[PDB]
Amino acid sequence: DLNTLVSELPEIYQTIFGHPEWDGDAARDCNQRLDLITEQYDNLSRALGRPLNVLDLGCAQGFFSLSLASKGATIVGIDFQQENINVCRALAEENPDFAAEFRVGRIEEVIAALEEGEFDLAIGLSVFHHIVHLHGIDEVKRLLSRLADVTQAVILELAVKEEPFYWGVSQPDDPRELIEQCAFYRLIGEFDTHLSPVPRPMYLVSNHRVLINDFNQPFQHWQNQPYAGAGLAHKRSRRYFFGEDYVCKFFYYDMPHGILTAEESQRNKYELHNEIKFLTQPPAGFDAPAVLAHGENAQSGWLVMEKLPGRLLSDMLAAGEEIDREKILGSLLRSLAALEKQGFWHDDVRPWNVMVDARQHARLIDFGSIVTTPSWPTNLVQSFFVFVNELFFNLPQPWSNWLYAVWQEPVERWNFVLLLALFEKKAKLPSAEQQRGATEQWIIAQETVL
């Protein structure tokens, strides 16, 4: 009998599924977490086009497991307490149509034994802190990595050090330390535990999918830096995910260890905001990539775009790949000239901001640096020369002749329309080497070093 099994529970942690007579006795009501978990289940189930296989780690009295089984899920629940599992099985029997299995077992062992594809979704609510306490942070990070590796998605409610209990002292400084090694993560809620005033964050984590309420898709690889050789400029607060026809930029506004300034957060916020603005409203006759999704919240913001073919110029340069400098410069200058005519300029023309397709046509890929108003744009023309030089001191005829021509122009005349015009006629232009010159060359060379 259920009554006896319930009585022999060391603790009625959760609501007893289907038995409201014990609702008052339950430490946690579970309705709030359930509402959120069911929402995420639905999202993922919709995306994959079917009911899910779900793994419930430290399943206690089976509330979440049974609740999901109720909606059609196939579930396996694990708990290391025999009493808990006995209740779960009993409840399952009262609901014979539910596809629900329960096993007495250790989370550590089950995770080690998992195979990829076995489960779509794993839930681990207020359990991993126990594992941290006995086995340390590094082992837990590995467990969670593997869990992520073998599933599509993972939901965790994580206990925190601020909680007033003795075990809090073993906890990481920040719960994100347990998951940040995983590819994708988002805060999805915060819950009152009724143990104390300190709430527990609930995180949605994945090593295989971008999981955004509006956009739920696999990705094939991701990176923590914008390009090969970026170093640590953004202090790792930015992540990039690449899928079949999309790129997802995910910016953290909030980082652990307080590492993001105020200024840096705001710049993350500003760049993303700025990028969305431009892409949603681009100028006529400018092939700009398309916006598939976007959003912001307190912790972070994101943008999903159409993917554009090709390789990043800076990589190609570094990896000594063969390039057509004429086609690259021509295509790029053409786009800059056209932007300018529409009263747009790009503040940051660099190799890491240029993408080159298989036909050696080049385009800009970072629209964070796009601007509308300012003498000007004389500075931008100047940097473009550096760009040119780095793309190759280094300029053969007629590129040198081109630059020399521009340098002979009064500064009021300098803009991208001019730069392009002269570029197009560069073979006709006088020879730089035949003139005193010689300074245009030395200035940029120093600039380009600088």
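The numbering used is simple: start at 1 and walk along the sequence shown.
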Query raised in the report: How many residues sit between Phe392 and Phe393 in the deposited sequence but have no coordinates: none, 1 to 3, 4 to 9, or 10 or more?
Result: 10 or more
**Report entry** Gap size between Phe344 and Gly343, counted in deposited residues that the entry leaves unmodelled
**Finding:** none
Report task. Tell me which of 335-343 and 251-259 has the higher mean C-alpha B-factor in the deposited entry. Result -> 251-259
Query raised in the report: So which stretch wins on mean C-alpha B-factor, 380-388 or 31-39?
Result: 380-388
Report task. Specify which of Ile75, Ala148, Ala284, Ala159 carries the largest Cα B factor in the deposited PDB entry. Result -> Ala284
Requested in this report: Would you mind finding, among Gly368, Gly330, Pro201, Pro218, the residue with the largest C-alpha temperature factor in the entry?
Outcome: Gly368
Report task. For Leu303, return the chain-relative third of its C-alpha B-factor as stated in the PDB record: lowest, middle or highest. Result -> middle
Query raised in the report: For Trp167, does the deposited CA B-factor place it in the lowest, middle or highest third of the chain?
Result: highest
Requested in this report: Pull the Cα B-factor of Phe278 out of the PDB entry and bin it into the chain's lowest, middle or highest third.
Outcome: highest
Query raised in the report: According to the PDB entry, is the CA B factor of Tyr227 in the bottom, middle or top third of its chain, that is, lowest, middle or highest?
Result: highest
Report task. Place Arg89 in the lowest, middle or highest third of its chain's C-alpha B-factors, as listed in the PDB entry. Result -> lowest
